[PDB]
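Coming up are structure 1 and structure 2: the same protein chain in two forms, each one given alone as structure tokens.
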Structure 1
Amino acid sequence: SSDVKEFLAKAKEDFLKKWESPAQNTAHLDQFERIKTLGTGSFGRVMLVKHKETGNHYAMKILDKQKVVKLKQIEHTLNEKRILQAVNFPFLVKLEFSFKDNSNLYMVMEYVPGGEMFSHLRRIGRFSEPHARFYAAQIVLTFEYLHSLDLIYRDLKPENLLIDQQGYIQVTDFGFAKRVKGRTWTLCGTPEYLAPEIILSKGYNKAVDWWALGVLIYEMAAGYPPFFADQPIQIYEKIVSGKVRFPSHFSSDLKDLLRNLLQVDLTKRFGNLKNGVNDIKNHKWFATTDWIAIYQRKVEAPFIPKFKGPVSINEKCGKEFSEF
């Protein structure tokens, strides 16, 4: 009943402290040793770095300030960082340090080597229902956490979910996340996951995440998404039709839960009803889920992945990123 209610009061207090005085320049570039490139983002390279004194490894995203200006992403970049430095939940990736210099912004991210659920679902084909359920449980709780903070996630999809070295889920990207009470209108996200009210530009709220959960659950258990096609536009068309076919092996409870998540009518969608998340949590498809044990990372994972161990002399855009 009320153990939940105080956990969330304390979570909000923690979030708001950090959200009202965000932390700045918490480290410096000369503290990290470059190892190699991990990849590329939009504004620059992602580097595997090693903290020179603690020995811990991080994914440091480098962001060219001028390229951020040029791609029209100042506000989104400020906001992403502000959200990341403020949150804290066992299935969310950490922003471990941030800092800036003349040329760049740096986001030193927690680095768990692994491989996305994207690559895993594709090469395994599909997950059994308890396997899907175990991941889904982690997203339910994660959304319950983000939503209590008025944060809409807005980018749920297999590619943003890493399967960690304990086989637990980690949400790895906060690119589209937005803090809003009430409603907002930005068309963003990967087409297969979008709620029809996003596509129709009628404004929408945190309930799109719950539609997107329903999409994810269906994909994990079917091996393919419920709404699909060659072109984004056809995908959008199929969603607005709202004609979901379930595989023959989907249990009754799964189909039941799925009709309530992929539910067009907001007065009926599981998630934002007067009962909120408990409507999902008490749902029959999750009767076997130990919520508390899930949060504590105690449930035995159904699969553990294969182990691994891997600037200008002028100041640029000082005013634009002063809040960074």
Structure 2
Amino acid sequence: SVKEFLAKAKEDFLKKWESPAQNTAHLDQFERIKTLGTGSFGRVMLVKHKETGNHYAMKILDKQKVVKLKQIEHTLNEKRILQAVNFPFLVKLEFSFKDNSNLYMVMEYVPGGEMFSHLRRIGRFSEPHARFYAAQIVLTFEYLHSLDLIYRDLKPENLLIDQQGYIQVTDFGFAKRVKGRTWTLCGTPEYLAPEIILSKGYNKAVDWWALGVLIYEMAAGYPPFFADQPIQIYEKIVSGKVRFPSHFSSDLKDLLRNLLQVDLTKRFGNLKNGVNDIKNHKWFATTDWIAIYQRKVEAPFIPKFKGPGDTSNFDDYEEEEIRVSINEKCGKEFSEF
């Protein structure tokens, strides 16, 4: 049944995986409005598609910067994976294309902003609020992992809240399809599993560890391992010690001890019963997984929405022109994009 669903899902995913959509729009088809976020090798902007008037979020990557940061293959992974997946809590890729200078991915615009912004402002979420979001991640990971995908960058900065108050997972820049083990040091310091820090060779269990960090941060207001410098964060992560706020329920602590488990033969998500050890944990006893998947559960809050194109749920960023060189850069490197 779940197995039945995942089978058809894999069948759909593979058709697209083997025959990726490519070159499905052009820069001039979009009016650029405002930067929604920005950092290494690119930015994401709110745009309007001229022929339809729809708004989208367009990620713009500078090919030369991608090459210097050694992110060529990770970028190809991101686009090939995003064009192939389909799940209610995964942001959709509607168009992609490239020009002499940049790569572009045009995604649904999610006007409610990042969970990060809301969580930092409110301080922490109640357990029922955190459980509502955590449930959607659990199902999204059940989906991605069944397609042999590892996501590798779970954090509130990468989770958007939509107009119904549900989560859309974005930022697939480190996602990878791999059977068996992989070794790349990537992720965000507060969310790395011990085996990534220790250069061990790792698999989807790192996403389940990251879910434990995320649930902790949502419910506490701060992550379980924090310091002023990454090295001190890593020393805390590998120590085997974790402390919980005194307001955490006993069921919540027990789930987190099993997720934030350094020993892989004991980490929930990674045992004989797979994701079911998580879905059937007492902390989730009230969660109706089907109702969540169907978006039938009432959300903890609906973001304020002041009209189409409104960005007030996003921070302001310095704006920079989109320059397109008269010469093609890095054509060979990104030919399959």
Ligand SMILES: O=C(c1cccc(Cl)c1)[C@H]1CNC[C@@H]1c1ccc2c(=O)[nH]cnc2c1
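Residue 1 is the first residue of structure 1, and the numbers go on in sequence order from there. Take the two forms, superpose them, and find the largest set of C-alpha atoms that agree within 1.5 Å; that set is the rigid core.
One chain, two forms displayed separately, with the form solved without the named molecule being the first of them, structure 1. Looking at CA displacements between structure 1 and structure 2 with the core superposed, a shift of 2 Å or more is confined, among 73, 160, 138, 205, to 73. For residue 34, the Cα coordinates differ by 2 angstroms or more between structure 1 and structure 2 after the core has been superposed. After superposition on the rigid core, the Cα of residue 299 moves by less than 2 Å between structure 1 and structure 2.
Once both forms are fitted on their rigid core, the CA atom of residue 253 lies less than 2 Å apart between structure 1 and structure 2. If you overlay the core, the Cα of residue 243 moves by 1.3 Å between structure 1 and structure 2. Core fit done between structure 1 and structure 2; CA of residue 266 shifted by 0.5 Å.
Its Cα shifted by 4.1 Å, residue 103 is compared between structure 1 and structure 2 on a rigid core fit.
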